[PDB]
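In the deposited numbering, the protein residues as written are 7 to 61.
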């Protein structure tokens with residue numbers, strides 16, 4: 007499934023990745039309510055669930 011980045015997010019921990027507002031990310035794991043695992047820029051890791059929107 008794909009998600010739209012609603013905001014920029016810069017990774018702050020080893021498991022996180024970075025995205026730019028408007029990016030279209032592949033969603034890998036949305037089981038946690040606060041942090042979703044995505045693929046962004048060839049890297050896989052977590053961003054805040056609230057900062058992306060399922061398409």
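The beta-carbon is built from N, C-alpha and C at its ideal position, and this holds for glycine as well.
**Asked** CA-CA distance, residue 41 and residue 21?
**Response** Residue 41 and residue 21 have their C-alpha atoms spaced approximately 10 Å apart.
**Request:** Sort out for me which residues DSSP pairs residue 54 with in a bridge.
**Result:** Bridge pairing for residue 54: 41 [DSSP].
**Asked** For residue 51 versus residue 31, is the C-beta distance shorter than 8 Å?
**Response** Their beta carbons are not under 8 Å apart, which means residue 51 does not touch residue 31 by this criterion.
**Item:** residue 11, buried or exposed, once every other Cβ within 10 Å from all chains shown has been counted against 16
**Value:** For residue 11, the number of other beta carbons within 10 angstroms of its own is at least 16, and it is reported as buried.
**Asked** Hey, residue 9 and residue 59: beta-carbon distance below 8 Å or not?
**Response** Contact flag set, yes.
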